[PDB]
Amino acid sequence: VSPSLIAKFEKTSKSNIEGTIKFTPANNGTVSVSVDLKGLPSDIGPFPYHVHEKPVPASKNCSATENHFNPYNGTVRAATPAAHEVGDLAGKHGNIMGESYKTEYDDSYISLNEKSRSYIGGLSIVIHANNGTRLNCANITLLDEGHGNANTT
């Protein structure tokens, strides 16, 4: 079974958005997603958020994550969840909204399996203002410090 992942958002001069998006392997071949965010800016939401294709660099410049993770060439607007880009979490599941936002859902398209074409490990998540402006972003990293079948964490 594939390991859990997390994206940790930190507050800076650029953004007050902080919190986490957790990705945990679940039943029925899906991934459980847990969003817990605060400090979302006044009135420029709702906030689309997506898995992007490159890491956040040390500069924390969210532009450097480049485009959406879209291995199966999906579309931004769709009539069924699977037609969306794999990385388009908000399009499938709803935009972030409010000053604080907590939600849990299953996504059946992202993968925690590094041998999968839909693997999202090592990628990033960007949160946008409604007009598309990139507000904050975080790398998707390993959640637990200890792994292996003879270990504890």
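Residues carry their position along the shown sequence, with the first being 1.
> Which wins on mean Cα temperature factor, 85-93 or 27-35?
Replying inline: Per the PDB entry, the higher value belongs to 27-35.
> Where do the C-alpha atoms have the higher mean temperature factor in this entry, in 59-67 or in 120-128?
Replying inline: Between 59-67 and 120-128, it is 59-67.
>> Quiz for you: based on the deposited Cα B-factor, which of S13, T141, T20, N136 is highest?
In response: In the PDB entry, the greatest C-alpha B-factor among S13, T141, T20, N136 is found at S13.
>> Split into thirds by Cα B-factor across the chain's modelled residues, where does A150 land: lowest, middle or highest?
In response: Middle third.
>> Taking only the Cα B-factors deposited for this chain, tell me whether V51 sits in the lowest, middle or highest third.
In response: Tercile = lowest for this residue's CA B-factor.
>> Looking at the temperature factor on the CA atom of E104, which third of the chain's modelled residues does it land in?
In response: For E104, the deposited C-alpha B-factor lands in the lowest third.
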